[PDB]
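Reading through the structure tokens given below for one structure.
Read the figures in this text as sums done on the coordinates, not as results from a lab. Here the Cβ is made from the backbone with ideal geometry for all residues, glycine too, and neighbour counts use every protein chain on show.
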Amino acid sequence: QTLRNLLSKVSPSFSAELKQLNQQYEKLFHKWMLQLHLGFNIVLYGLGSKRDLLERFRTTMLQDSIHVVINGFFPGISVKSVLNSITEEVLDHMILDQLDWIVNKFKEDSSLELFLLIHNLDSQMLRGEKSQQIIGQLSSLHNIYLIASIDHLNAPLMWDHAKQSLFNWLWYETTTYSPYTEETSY
Amino acid sequence: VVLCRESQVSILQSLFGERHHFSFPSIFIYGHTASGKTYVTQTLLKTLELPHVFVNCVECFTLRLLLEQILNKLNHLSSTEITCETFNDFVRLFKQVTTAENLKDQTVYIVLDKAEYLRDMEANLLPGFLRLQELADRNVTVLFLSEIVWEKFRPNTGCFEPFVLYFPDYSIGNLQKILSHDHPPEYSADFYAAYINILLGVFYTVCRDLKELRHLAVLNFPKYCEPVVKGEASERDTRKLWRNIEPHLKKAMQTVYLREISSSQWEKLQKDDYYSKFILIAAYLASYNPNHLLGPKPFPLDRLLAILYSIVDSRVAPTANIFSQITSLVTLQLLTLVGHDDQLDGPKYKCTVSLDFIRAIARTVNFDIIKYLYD
Amino acid sequence: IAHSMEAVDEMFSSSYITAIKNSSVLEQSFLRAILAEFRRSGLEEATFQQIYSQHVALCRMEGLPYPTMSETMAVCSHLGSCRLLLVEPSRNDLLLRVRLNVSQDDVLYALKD
Amino acid sequence: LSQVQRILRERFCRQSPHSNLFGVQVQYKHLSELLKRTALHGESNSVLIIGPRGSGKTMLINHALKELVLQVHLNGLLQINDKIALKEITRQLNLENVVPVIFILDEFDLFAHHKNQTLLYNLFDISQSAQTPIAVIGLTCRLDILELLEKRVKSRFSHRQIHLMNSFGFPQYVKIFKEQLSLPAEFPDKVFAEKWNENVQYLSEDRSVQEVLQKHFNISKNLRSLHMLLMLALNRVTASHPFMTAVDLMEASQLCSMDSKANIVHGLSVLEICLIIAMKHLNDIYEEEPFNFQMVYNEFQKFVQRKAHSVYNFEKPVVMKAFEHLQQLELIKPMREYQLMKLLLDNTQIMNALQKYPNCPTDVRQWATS
Amino acid sequence: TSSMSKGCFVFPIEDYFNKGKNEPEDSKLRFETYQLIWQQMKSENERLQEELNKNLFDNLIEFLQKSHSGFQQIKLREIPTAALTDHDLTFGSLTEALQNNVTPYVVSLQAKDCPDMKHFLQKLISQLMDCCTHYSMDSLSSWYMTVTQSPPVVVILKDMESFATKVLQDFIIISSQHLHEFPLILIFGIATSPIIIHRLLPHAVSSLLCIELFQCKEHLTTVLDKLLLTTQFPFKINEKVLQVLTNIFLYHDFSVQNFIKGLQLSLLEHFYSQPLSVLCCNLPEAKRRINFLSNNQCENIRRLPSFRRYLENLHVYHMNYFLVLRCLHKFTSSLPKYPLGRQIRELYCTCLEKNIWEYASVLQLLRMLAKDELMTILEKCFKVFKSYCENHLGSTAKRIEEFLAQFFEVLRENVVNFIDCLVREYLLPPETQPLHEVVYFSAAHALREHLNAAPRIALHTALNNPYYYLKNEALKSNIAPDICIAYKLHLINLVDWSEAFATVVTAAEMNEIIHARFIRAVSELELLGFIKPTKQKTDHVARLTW
DNA sequence: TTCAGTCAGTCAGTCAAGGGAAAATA
DNA sequence: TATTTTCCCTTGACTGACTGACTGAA
Ligand SMILES: Nc1ncnc2c1ncn2[C@@H]1O[C@H](COP(=O)(O)OP(=O)(O)OP(O)(O)=S)[C@@H](O)[C@H]1O
Ligand SMILES: Nc1ncnc2c1ncn2[C@@H]1O[C@H](COP(=O)(O)OP(=O)(O)OP(O)(O)=S)[C@@H](O)[C@H]1O
Ligand SMILES: [Mg+2]
Ligand SMILES: [Mg+2]
């Protein structure tokens, strides 16, 4: 495993051909924010990994805003951890009850704005329907913004008509060929 | 009043004897649903004017409630509040409370009904009630009412066997005489007897329950008087009324007897005279194929998709909407996953729907399920 | 020596055999039916139905009148209450596993006399 | 007369003490002698009386106590916890204000089911060691009372055993029946007492009475059943029927031994009978294997369409309701459709019950036979 | 920075909204107009939902009135029950419907806090005390006698399918025994087929209850009649956008939320892409924006293809077109066969698709109609005319009044001629008139791909034909990224697959890194929902089969 | 066209791991 | 309310007996 991780001297065949698509889809950042501010949320579905695109998006756009990133690909994450991060550190306060408290807090004040970045939403740790219900109730609020990505072939089965009614989903065909070097744990 | 009950009544009255006499400690009565275990004993103990305390086992789901209700009713009959926690304390308080003059040389009776729950309350409670006359030693008799025979109340260790008693099975004559008594004063007794006769001829085959039968008669009476009110038939037209009323009762047998139609709607009526469907059909056809007797079997999503594509002779793109629509049904209980090995990788589903619903659904979109269901 | 022998065989010996000897007639027939069914099968557990059928056959052999199921259930309940068998007859009735609480040789030695 | 009725009601129902004892001479003599030893002297002993239920275990102690100081009676059903037992002991001993004595332990076996058998262990210890004279006697129905106890409590348990079996023959049962239904010499009206004794004498040798006695002797020698029989028979005696007759004993014997399952089946209806016949057929074809509602319904449909008349064309909901009703009386226990049901009856019972069914048609009978 | 052995690392609006240097000020006017329009839309939608819920609660209140009419010797009286994220507010409204009208005592119960009868009764009595020790039904009866010294009690079981069966059975049994002394009424909340009731409550228990059942396309038809069929709202859509929205609504899921969402996405895209969206507003605001327009706006107006072919005239056309279409729908729905269509949706679709003059097929039935049908249709048309004032068609109303007042074949022929002249006279396709593209939007692929995207189709396209987005003539009938090579070679034991992959990658060209590329391809394939290792071979899995 | 011998292709009996909800304990 | 253990029921490969199509008569 370590030997494979060390060896990364390979070079892609079509370099500029892949490079131009990066800017081709980076041109959509302003449209992304235009859609996202008005009561929608954005999902990425494509072959290549979008982590490069997410990194470029956060560098270019997510500077003067309050943003929190979930590395859902980590084999040790659960919704309790993200709730703890939201309440303890993002919020100055010092799981269903916690969800109710957070919903009530953001209902109390409209002056707080958070950008929720989800690198992976379809990982094995977040495929539960109750966890998706929690996340949907979180993102249903008008003061939380959601950028997500899916890679599983059988991903859309996870949520139903009510859950997909919670998420004001908007789709974006972004078919890069980036390798899953970081995501693959081997 | 009690009708067609003179054997067990006289047996019970002989059993009681005199107030200063002693009787059995435990008598176990059993019978069928409407056999009369409740009306007979209540009317008897009201007529005799004896100290009896009536207790329902369903209401007293807790031992404390049972004992405290018994004690409070007994004290109220004798005449602030008595609270006990165990059976021993209840026995002590009973020995303390029965020493009243009016409860000195009389037998005090503890009528229980719906006793089927007593076996599911505690282990030692039933033997405690069985041997009450020994422990209290105060001229105490306890009755048992049930629908299960005594064979199923027996504990492993054995106890004081009550005297077993059976209330009799009813008959056509007894049932009619019970029914033909509470006649409406606005018409003839012969009319009521004939109505009960035709009602029994229609329904006695399956629905022997006197309560259900009388409820059906009460519901069905108003339709029967319409022929004589309108004047098309006379009070002596037995065949005419039979022909007029028979299909109505036959249909009420299908509808009202299962209570699919609420009684209010019944009386009001008589007074007033897409891709989800194909997914479900594919699921059903895949479930019932490799008897309908042994039940359906789970099937994977691959075969469901293949069947769905094969049936539909049109370009159905496997979008995400159809994927979410498939799982939007399992929340309606029309499907059930099994195994829970994975949530996304090959979810096997079992289709828990009846055949008639499938046939109606197919009729909705003009497709035939039968031709694909035999092999 | 007689006093000591009486004390030792009255305070140490098992009383199962003489309890079986003093049992009633129908109880003896039930024991015989169970023993015959076990000889036919060879298992240490049997349902109530096979034992009941064997008991009906043995009653017909003995000339005894036809016994009802409730009477047999009462006899079995009495036998269980003294732990001569092992059974859970409270809820299931016709499908009760019945096990000998003592060795078969002791039962035969009690029933031979 | 009222007086004799009251006397017999007190004799049988309450099981009050009586002077006549039956086949317990040695056992009662030993028990009363030991009680006298423990009373007149400071020695302490422990005894268990083991017997089948209804064999008059209580009588031995209740009479030997009269043969003879504070007595404590403990029943396993009233006091279920050690705290309750302690409360009762303190209250009965009249030492509740402060905080030889005889201990009587009814339902002794249940005391072996406690968490630590603390009460039994302490009683055994104080009996074996404490200088205060304490006598403990327990009542037992299980024949394995020696194996429900812990090793140490068994070590301190003195192995004093009394066995109450019904070791008496049929002629002795005849003598017992003759004596038990006899008025004493303390009755006010003496000529009627002598005539009553003459009548019971005559009833003793009546062979139809001997039929009842032989039948209930084969059923159960336990005297509780015989007392119940005598009470039920005596219930049919008034002024208009001044003396008991053999026909009364026959009636009581028949009323004491009627089967409940046949009666319940007699209480059923037509559809239940048809479903039971179909159930018997399915059980016959599928030897000792379960089934469900669909196979039974298909069998019933086959019978009604082919062999039976065109009448009785019932739908699925009514048959489902009938199946629910049969499941309600616990005649059918699961191991709602497609559920592995089973039957709780025997074939010959169904046949006999149908034999007594009043209005059974002929085609249904033929289907049952076929 | 974002990579470590832990899974949670934390690091104006119009400025985001507008990125082009074309016009910022017109952009910020467009955004405000769009926001106002959408606020009006949401307000009217909320009004519609409130009206519908009040309509339902009226029927429920009347049911409860008729039920308690019975409570006003028992003679077999039963327990009155009524079967009925957003649900949380729904029943909440019901509370205000019931507390202000029927009783002052209404409680709600949650299946989460009713595991046994004890907790159920404790919570019930606690709620009863708030609405003002081993409690029982006798405690409830004594409390009711103490407080009332007639009004019944209403209990809301908002998730009946989640309760315990034993608790329900025991509660119903104990409650039925005290109707004479303690009134009880139940409202069940059901979001599934009601047949489930018969699978929880046995018929023996169920015999104690008198059940009533109380409650999609009609909603969408009504909202679309009050959204697009009304002339007041300025913006509209073309044929294909409406067709896609309908063909997803009545095919994929009967949900109106995504329809409204598509409406607002279309509005946002139309107001974003087109600068001349500034042009269209309410007529006074429209004209005042017309008066002051930049030179580039006049350039855009000058280049409109519909203008190259060539507002108030278009608006009066719409206000007469919609009334004439309403009359046509009244005509069509009168027929028993319903040839043209069932609902107003199909009428508008077939009127907008093309000049209608099956049209003669419907006229064939029209030729053979009875007199009473004509009378009823004429009365309906007259009431439609009276419904709307400020009519430009008063003379036609007078003519049809003369037609009706005269009340064989010739008269029916004349009125048929009148209606046919009407439908020829007014209805037309909208794009025939110029300057339509200002108000209209049509980029069907954008909306269609955005709202109902296909992941599997896109994945297959990427893994089979890379040339579809890599324009280098990589495929016209091997030379492809190894991802595609492996995926195509799949359609498979690992040793043979690896040997074939190595020989293919060498044909396309110490080489140990080919093994590394093979491992990477296998791992990335495993991450996707494609493969799972098996034991029959080194690995043999074919989950796709497509 | 159905009933006797052959064989090849078929089919059910049989020996193991492991998931998991009931059971037990604090 | 949280945590740890147990055998019953599901999946699956190994193994040995079985029987449908073929041929020939009557
Ligand atoms: N033997 C009877 N004689 C007269 N009326 C009877 C008789 N049995 C039942 N009834 C009537 O039927 C009603 C209902 O029957 P019940 O007396 O309740 O039967 P039950 O044996 O008590 O069964 P349960 O426990 O009530 S379901 C009574 O209130 C009477 O009006
Ligand atoms: N040896 C005996 N002498 C006289 N009467 C006896 C004798 N054995 C039994 N009986 C009678 O048996 C009747 C019933 O005995 P019970 O006292 O009910 O049984 P028990 O001793 O209480 O046993 P349990 O297990 O505690 S219920 C009494 O009324 C006695 O008259
Ligand atoms: Mg009753
Ligand atoms: Mg006793």
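Principal axis extents of the Cα atoms in the protein assembly as shown, from largest to smallest and rounded to whole angstrom, are 140, 103, 71. Summed over all non-identical Cα pairs, the Kirkwood treatment of the stretch E:315-433 gives a radius of 15.0 Å.
When the P(r) of chain A is calculated, the portion above 28 Å amounts to 28% of the C-alpha pairs.
Among the listed pairs D:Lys115/E:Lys118; A:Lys107/E:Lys261; B:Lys114/B:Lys177; E:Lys236/E:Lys261; A:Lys80/A:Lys130, which have their C-alpha atoms separated by more than 18 angstrom in this model? Let's see the in-between values first.
Details: D:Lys115/E:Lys118 28 Å; A:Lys107/E:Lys261 23 Å; B:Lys114/B:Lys177 27 Å; E:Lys236/E:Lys261 15 Å; A:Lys80/A:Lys130 12 Å.
Those over the limit are D:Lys115/E:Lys118; A:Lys107/E:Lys261; B:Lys114/B:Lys177.
Which of the three applies to chain B, rounded, prolate or oblate, going by the alpha-carbon gyration tensor with a ≥ b ≥ c and a/c under 1.5 meaning rounded? Judged from the Cα gyration tensor, chain B comes out oblate (a/c at least 1.5, b/c at or above a/b). The string of couplings for the stretch D:302-316 from the Karplus curve (6.51, -1.76, 1.60, θ = phi - 60°) is 4, 4, 6, 5, 8, 8, 7, 6, 5, 5, 6, 9, 9, 7, 7 Hz, one whole number per residue in order, with x for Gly and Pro. Using alpha carbons only, the radius of gyration of the stretch B:132-243 set against its Kirkwood radius gives Rg/Rh = 1.24.
Residues whose amide H falls under 5 Å from that of C:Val98, counting only those 5 or more places apart or on a different chain, are C:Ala46, with hydrogens built in the peptide plane.
Would you mind counting up the charge near D:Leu78? Only other residues with Cβ under 14 Å from its Cβ, with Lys and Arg at +1 and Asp and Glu at -1.
Local charge sum for D:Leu78: -3.
Database remark: amide H of E:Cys114 closer than 5 angstrom to no amide H (H placed geometrically; neighbours at sequence offset of 5 or more, or on other chains; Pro and chain starts carry no H). At most 12 other Cβ atoms within 10 Å and a DSSP loop assignment: could you name the GluC sites (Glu not before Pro) in the stretch C:24-62 that fit? When the GluC sites (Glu not before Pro) of the stretch C:24-62 are filtered for loop state and at most 12 Cβ neighbours within 10 Å, C:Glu44, C:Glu45 remain.
Summing Cβ point charges (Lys, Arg +1; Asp, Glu -1) relative to the Cα centre of chain A gives a dipole of roughly 520 debye.
Amide H contacts of E:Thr81: E:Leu186, E:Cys210, E:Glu212, each under 5 Å away and 5 or more positions distant or on a separate chain (H built 1.01 Å from N in the peptide plane; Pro and chain starts excluded). The overall shape of chain D, judged from the alpha-carbon gyration tensor, is oblate: a/c is not under 1.5, and a/b is no greater than b/c.
Placing +1 at every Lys and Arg Cβ and -1 at every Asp and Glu Cβ, with all other atoms neutral, what dipole size does the stretch E:1-136 have around its Cα centre, in debye to the nearest 20?
Taking the Cα centre of the stretch E:1-136 as origin, the dipole is about 620 debye.
Taking 21 Å as the straight-line reach from the Cα of E:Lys532, the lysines in range (excluding those fewer than 8 positions away in the same chain) are B:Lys348, E:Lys488.
Computed about the Cα centre, the dipole magnitude for chain D is approximately 400 debye when only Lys and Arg (+1) and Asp and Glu (-1) carry charge, each at its Cβ. Counting only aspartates and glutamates at least 8 places from E:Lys287 when in the same chain, those with an alpha carbon closer than 13 Å to its own are E:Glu312.
Among the chymotrypsin sites (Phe, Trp or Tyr not before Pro) within the stretch C:2-93, which fall in a DSSP loop and have no more than 10 other Cβ atoms within 10 Å of their own Cβ? When the chymotrypsin sites (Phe, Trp or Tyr not before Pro) of the stretch C:2-93 are filtered for loop state and at most 10 Cβ neighbours within 10 Å, C:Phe12 remain. For the stretch C:2-112, the equivalent ellipsoid built from the Cα gyration tensor has semi-axes of 28, 16, 14 Å, listed from largest to smallest.
Checking the cross-link pairs B:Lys211/E:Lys112; E:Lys21/E:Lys471; D:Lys280/D:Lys307 against a 27 Å limit on the alpha carbon distance flags B:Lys211/E:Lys112; E:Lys21/E:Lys471 as lying beyond it.
With 29 Å as the limit on Cα-Cα distance, the pairs of B:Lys277/E:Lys537; B:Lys104/D:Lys175; B:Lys37/D:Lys321; B:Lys73/D:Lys87 that go past it are B:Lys277/E:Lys537; B:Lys104/D:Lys175. Between the stretch D:1-68 and the stretch C:61-76, what's the alpha-carbon centroid distance in Å? Between the Cα centres of the stretch D:1-68 and the stretch C:61-76 lies a distance of 33 Å. Dividing the convex hull volume of the alpha-carbon atoms in the stretch E:76-215 by its residue count gives 120 Å³ per residue. Note that chain E shows a convex hull volume over its alpha carbon atoms of 348 Å³ per residue.
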